[PDB]
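Visitor: Would you mind keeping the following structure in view while I ask a few things?
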Amino acid sequence: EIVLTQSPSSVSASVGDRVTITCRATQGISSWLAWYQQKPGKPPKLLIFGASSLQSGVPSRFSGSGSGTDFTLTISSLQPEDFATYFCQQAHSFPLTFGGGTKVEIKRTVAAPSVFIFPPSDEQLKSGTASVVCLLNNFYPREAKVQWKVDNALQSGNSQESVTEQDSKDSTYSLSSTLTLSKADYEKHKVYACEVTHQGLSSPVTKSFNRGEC
Amino acid sequence: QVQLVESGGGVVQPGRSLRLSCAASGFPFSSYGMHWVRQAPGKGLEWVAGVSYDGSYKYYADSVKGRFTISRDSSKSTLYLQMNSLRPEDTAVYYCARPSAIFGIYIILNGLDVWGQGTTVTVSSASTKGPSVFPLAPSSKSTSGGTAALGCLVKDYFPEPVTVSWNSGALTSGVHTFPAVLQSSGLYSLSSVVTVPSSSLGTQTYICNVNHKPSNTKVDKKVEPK
């Protein structure tokens, strides 16, 4: 089994930039390497095969090169429709093998997130479980750290996270974090806090409420 | 013109069976080898099976050997993938794909020319359940202010997907509907949020519309400050 390793895992660039993606193989694949483009919700789209042969209809800004073990996909001038994920594929031998993928994102200036915390509703409290939600709104870049604290106790293993794609109008991300407790545990403590670490923040931002009506 | 149409996906409990279909048109079907490729949610592409143009030779990934059977029917120009002993690890969107020819030469091992639209397979012991919808009420620590955030917690549904709109579609600016997360219980949960100006609170009503067609569930939850 031949394994492919793409680099980098993601890249932020502007329109007009020159982007270079590499694919490394554990063995020699002569020239049986293909490059694909994929946008969310749609199937992959072949761009290069034979490591340099452009598919019919693909713009000439997409160039592929390399042989043997090291390969390279190049976009000579990035265009708005080129922000997507790119995969290499090996066709030297069975099993067929894909690279992990390289996501090309839109670069923009740093944006610090607006943080909001939401206590559980009283309608959910009757079911026996409580969900505290924390929103990180319109930040960039994507790297962020959300830590939950209840009565200053750092929580672990009782939260889940979800991130949107880049917004179509300002290229920022948004993040939702949901802390899930039992109602008994929730009524047992007072102050619930959401601590957010981001490079747009000089100090971490913490939003908090305390259960009751405060 | 040249296309591959897929069918057969759905929700299935662990250990059961499913058969996928890929019908070809617009090109000579039995000159090409054919492949099945899947992609788990959030994951990358994984090749699962391939078959030669004549159906004499079949190739399988280690992850599906003894479990999946690929076959084809030349008269129908249709490709099949019989999947038995399904487990949650097999949850993915399945594609059929055609290897590209190189100047008339049909090789089974190449870049993949044409892809079907995909068909989704979900392997879970969960049963269809409508979502519980809870308000994410906007807050304050003074009386007036700037922009406020409110939202909708769509919790404990199965299967995907649910659709969320705000004020029957009249509110779109500042809306973020987050991808669902799969919980330990086997049920999904997502949240939709929107940022509004603080002057709107009290004057303007905010209703969150949640539709979950697999359970015929339709919920309108007004979100107001506590």
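The chains in the structure tokens are called A, B, ... from first to last as shown; in each chain the residues are counted from 1, and the ligands are counted from 1 in the order shown.
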Taking a cut-off of 6 Å and counting only C-alpha atoms, can you build a table that, for each residue of chain B near chain A, reports the nearest atom pair and how far apart they are in Å (one decimal), sorted by chain then residue number, as a tab-separated table?
Guide:
```
residue	atom	partner	partner_atom	distance
B:47	CA	A:96	CA	5.9
B:109	CA	A:91	CA	5.0
B:110	CA	A:91	CA	5.1
B:111	CA	A:34	CA	5.2
B:136	CA	A:118	CA	5.8
B:178	CA	A:164	CA	5.7
```
Visitor: Quick one: pick out all strand (DSSP E) residues within chain A from a backbone DSSP run and write them as JSON, numbers by chain.
Guide: {"A": [4, 5, 6, 7, 10, 11, 12, 13, 19, 20, 21, 22, 23, 24, 25, 33, 34, 35, 36, 37, 38, 45, 46, 47, 48, 49, 53, 54, 62, 63, 64, 65, 66, 67, 70, 71, 72, 73, 74, 75, 85, 86, 87, 88, 89, 90, 97, 98, 102, 103, 104, 105, 106, 114, 115, 116, 117, 118, 129, 130, 131, 132, 133, 134, 135, 136, 137, 138, 139, 145, 146, 147, 148, 149, 150, 153, 154, 159, 160, 161, 162, 163, 173, 174, 175, 176, 177, 178, 179, 180, 181, 182, 191, 192, 193, 194, 195, 196, 197, 205, 206, 207, 208, 209, 210]}
Visitor: Name the residues of stretch 24-159 of chain A that fall into alpha helix (DSSP H) according to DSSP on the backbone, using the chain letters and numbers of this document, as a ChimeraX atom specification.
Guide: /A:122-125
Visitor: How would the residues just chosen look if you wrote them out with N, CA, C and O atoms as an mmCIF file, in the first residue's frame?
Guide:
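Everything below was put into out.cif:
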```cif
data_model
loop_
_atom_site.group_PDB
_atom_site.id
_atom_site.type_symbol
_atom_site.label_atom_id
_atom_site.label_comp_id
_atom_site.auth_asym_id
_atom_site.auth_seq_id
_atom_site.Cartn_x
_atom_site.Cartn_y
_atom_site.Cartn_z
ATOM 1 N N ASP A 122 -35.227 27.201 30.383
ATOM 2 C CA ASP A 122 -36.004 26.504 31.400
ATOM 3 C C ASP A 122 -36.796 25.340 30.820
ATOM 4 O O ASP A 122 -37.114 24.397 31.554
ATOM 5 N N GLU A 123 -37.117 25.381 29.524
ATOM 6 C CA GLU A 123 -37.808 24.258 28.900
ATOM 7 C C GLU A 123 -36.905 23.034 28.816
ATOM 8 O O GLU A 123 -37.368 21.902 28.993
ATOM 9 N N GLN A 124 -35.611 23.234 28.554
ATOM 10 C CA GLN A 124 -34.696 22.097 28.546
ATOM 11 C C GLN A 124 -34.429 21.584 29.954
ATOM 12 O O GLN A 124 -34.219 20.380 30.142
ATOM 13 N N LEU A 125 -34.436 22.476 30.949
ATOM 14 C CA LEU A 125 -34.169 22.071 32.324
ATOM 15 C C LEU A 125 -35.166 21.037 32.829
ATOM 16 O O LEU A 125 -34.830 20.256 33.724
#
```
Visitor: Go through A:108, A:39, A:188, A:24 one by one, measure the shortest atom-to-atom distance of each to residue A:72 using only C-alpha atoms, and give the residue with the smallest value.
Guide: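 That would be A:24, the residue with the smallest distance to residue A:72.
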Visitor: Skip residue B:50 itself and residues of its chain fewer than 4 positions away, then list as number ranges by chain all residues within 8 Å of it, counting only C-alpha atoms.
Guide: B: 33-36, 58-60, 70
Visitor: Quick one: everything within 10 Å of stretch 25-29 of chain B, counting only C-alpha atoms, minus sequence neighbours fewer than 2 positions away in the same chain. Send it as a short mmCIF file (atom, residue, chain, number, x, y, z; two decimals) with C-alpha atoms, in the first residue's frame.
Guide:
```cif
data_model
loop_
_atom_site.label_atom_id
_atom_site.label_comp_id
_atom_site.auth_asym_id
_atom_site.auth_seq_id
_atom_site.Cartn_x
_atom_site.Cartn_y
_atom_site.Cartn_z
CA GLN B 1 -24.07 14.18 -21.68
CA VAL B 2 -21.61 11.71 -20.18
CA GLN B 3 -22.70 11.08 -16.61
CA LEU B 4 -23.00 8.53 -13.80
CA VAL B 5 -26.26 8.41 -11.82
CA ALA B 23 -25.97 3.77 -14.06
CA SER B 31 -14.74 -0.57 -22.24
CA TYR B 32 -13.92 1.07 -18.88
CA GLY B 33 -12.95 -0.28 -15.53
CA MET B 34 -15.00 1.21 -12.72
CA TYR B 53 -14.17 -3.67 -17.95
CA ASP B 54 -15.29 -7.28 -18.50
CA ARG B 72 -21.42 -4.87 -13.07
CA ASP B 73 -24.11 -5.50 -15.69
CA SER B 74 -23.16 -4.72 -19.28
CA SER B 75 -26.72 -4.88 -20.64
CA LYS B 76 -27.92 -2.27 -18.12
CA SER B 77 -24.62 -0.30 -18.22
CA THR B 78 -24.93 -0.36 -14.42
CA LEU B 79 -22.31 -0.74 -11.69
CA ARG B 98 -14.46 6.28 -14.13
#
```
Visitor: Just to confirm, what's the straight-line distance from atom CA of residue B:164 to atom CA of residue A:37 in Å (one decimal)?
Guide: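 It comes out at 29.0 Å.
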Visitor: Find the residues around residue B:135 up to 9 Å (only C-alpha atoms counted), leave out those fewer than 3 positions away in its own chain, and share them as a ChimeraX atom specification.
Guide: /A:120-121,123 /B:150-154,208,221-224
Visitor: Hey, what's within 9 Å of residue A:7 if we count only C-alpha atoms and toss same-chain stuff fewer than 5 positions away? As a list in words, please?
Guide: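 Neighbouring residues, sequence-local ones excluded: residues 20, 21, 22, 23, 24, 101 and 102 of chain A.
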Visitor: Can you work out the spacing between atom CA of residue A:62 and atom CA of residue B:97 in Å, to one decimal?
Guide: 22.1 Å
Visitor: Tell me which of A:25, A:130, A:75, A:112 sits closest to residue A:186, counting only C-alpha atoms.
Guide: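 Under the stated criterion, the closest residue is A:130.
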